[PDB]
Each structure stands twice: as C-alpha cells, then as structure tokens.
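Taking it in order: structure first as structure tokens, then the write-up.
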Amino acid sequence: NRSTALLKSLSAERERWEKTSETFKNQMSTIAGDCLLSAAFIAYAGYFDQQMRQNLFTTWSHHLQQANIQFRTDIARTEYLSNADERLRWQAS
C-alpha cells in the first residue's frame, strides 16, 4: 500500500514530535528564570559593550543559580529570543 510507505516515511517526524512532546514539563518549568535573564538583558544591556554585556549576563546567571531558579544555560541569547525568520530577514536588511 502507498499508505504504508507514506507512514513509514513519516515515522521519523513522528518520533521527532513525540520526543519533543515528552519533555514539555521541563520545557515549560524553566520559563521563569530564562525570561528573567532575557528581560533584564532586553531592558539594560543595550548601552554596554561586549565585555560588559557578558559580565553583566554572567552576574545575572550566577545570582539565579544562587537562588535556585530554573533556567537553561546553554541557550544563547539571540538564539533564545530571535527565531530563524527574524534573523534571516535582518540579514537580508
């Protein structure tokens, strides 16, 4: 059946989507500290230079660590907020 080949082709995307849905509780529980970092950056850090921005972000993250706040560490700031479409549109500009 053509449907069999279709579904077996779609099995990989099914696995992707189920794996994504599995960890939704951890995807959601960390919005607090992550948004704290991101909002502090989007408020203050626009005046500072690269070194000062990095220092200030590091201080925020360390304070969140001290306070037992759930936040992702490996997610980069632009990759955290800006998506692919915004990045590509800006690069086109």
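So that you can map any letter, position 50 of the sequence shown is 3522 in UniProt numbering, and since no number is skipped, the others follow by simple counting.
For every residue, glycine included, the Cβ atom is placed at its ideal position computed from N, Cα and C.
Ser-3501 carries a helical assignment under DSSP once its states are collapsed to helix, strand and coil. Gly-3518 counts as exposed, since fewer than 16 other beta carbons sit within 10 angstroms of its beta carbon. Pairing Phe-3543 with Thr-3502 gives a Cβ-Cβ distance under 8 angstroms. Here the C-alpha atom of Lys-3497 lies approximately 15 angstroms from the C-alpha atom of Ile-3541. With fewer than 16 other beta carbons inside 10 angstroms of its own, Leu-3478 counts as exposed.
Within the region 3531-3555, the runs of alpha helix (DSSP H) that reach at least 4 residues and sit entirely inside it are, in chain order, 3549-3553.
In the structure shown, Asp-3521 adopts coil according to DSSP, grouped into three states.
In this structure the region 3544-3561 lies against the region 3505-3518, because at least three pairs of beta carbons, one per stretch, are closer than 8 angstroms. By the 16-neighbour rule on beta-carbons within 10 angstroms, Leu-3560 is exposed. The C-beta of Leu-3536 has 16 or more other C-beta atoms within 10 Å across all chains shown, which makes the residue buried.
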